[PDB]
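Quick heads-up: the structure tokens below are two forms of one chain, split into structure 1 and structure 2.
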Structure 1
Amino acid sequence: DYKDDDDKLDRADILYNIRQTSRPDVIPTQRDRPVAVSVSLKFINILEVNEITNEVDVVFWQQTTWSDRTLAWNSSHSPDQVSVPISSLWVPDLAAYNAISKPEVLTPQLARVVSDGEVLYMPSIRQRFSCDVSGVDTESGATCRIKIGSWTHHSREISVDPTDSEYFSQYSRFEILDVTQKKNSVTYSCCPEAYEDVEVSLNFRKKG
């Protein structure tokens, strides 16, 4: 409960509990079900766009959530949440398939763990992508698709699902017309199991 959120000893104790129970390297599967991972992108900026090379430089708030019930505690008279370094926690091994640079994480690498076992990690990230830039200077604009999925965990182990101008910079050379998100389950010739992904389509165009 909220009147206890600032009891420091309580938070320290919860962090200790979390660190004893957490298995940073094991998927927190429950009920012989895949871990349900939620993923949405809220765009913060569009910095560089190249219509010749089909490359973009974007900043986005990647909202990522899932649950590990082994981490839950009774919060009747203790903090409902604490911030935890992600190195103490399991995080889904998500990758953006068409990213062409490493993600540059702009924000402190702390997640929130909620007393019901929900884990929230929502970093702001700048990253470069290979996507369809054609039309960026037209009224229809461009539609750049970013596919994000678990790299090493197939659909039996991890499912992914969705969790834009509210946080989009008014100062960008560009403007968002629409962001849509859909989910796919796809199998490659490499592997017999399917890998789920969230595909985020960013329709945008140069201002004016």
Structure 2
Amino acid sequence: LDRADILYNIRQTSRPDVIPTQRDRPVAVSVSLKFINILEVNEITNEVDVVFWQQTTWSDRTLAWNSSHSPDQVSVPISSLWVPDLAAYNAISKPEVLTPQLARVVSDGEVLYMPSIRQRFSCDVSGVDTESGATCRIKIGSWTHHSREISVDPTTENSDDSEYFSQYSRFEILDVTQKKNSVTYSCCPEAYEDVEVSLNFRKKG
């Protein structure tokens, strides 16, 4: 199979509007943020602008193909695939996607989407000039799929929190931590999963 055939076969059989799941089984989505920059800290109106690469992975076995005498992976535009309806619950601006809206699909059906995103959040920036610094918390989960349809998990996130971070930013990263949350509301018996990412940073000085 060449790339043309692979893409053709993905278009046949991928339904961008249908979550790729069998009966009650959830689609396991993993998420990791790599921070690139912290851009506009407004000390007066507790708001911050961050740029981050949002590493999102999941499986869709409908997309799989036989990788013998064939490419192991392809780049496919996201409008040809189902993508999880992830949202930053506490964002105060629309995510600006800076990069080409392509995902990598692997022959086993694994999908990797890692857009560079710029987005505004409300965060306490009073301590940004102190040694312990300030913390911006970004809560990401599915907007409409509860835990039996989509689950969301942090990755094992070894690397230098600061590996991708601009050496030219007025700010520096002290720490990045990930907590998982599961929230159940009084209307509805099922839970919504999110990952909360905490960015501890301070002015360089």
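By convention here, residues take numbers in order along the sequence of structure 1, the first being 1. Between two forms, the rigid core is defined as the largest C-alpha subset superposing within 1.5 Å.
Student: Align on the core first; then indicate which of 180, 155, 30, 169 has a CA shift of 2 angstroms or more between the two structures.
Tutor: It is 30; the other listed residues stay below 2 Å.
Student: Could you tell me how many Å the Cα atom of residue 130 shifts between the two structures when the rigid core is held superposed?
Tutor: After core superposition, the C-alpha of residue 130 moves 1.2 Å between the two structures.
Student: Fitting the two forms on their rigid core, what distance in Å separates the Cα positions of residue 86 between the two structures?
Tutor: For residue 86, the alpha-carbon shift amounts to 0.3 Å.
Student: Fitting the two forms on their rigid core, what distance in Å separates the Cα positions of residue 51 between the two structures?
Tutor: Comparing between the two structures after core fitting, residue 51 shifts 2.7 Å at its C-alpha.
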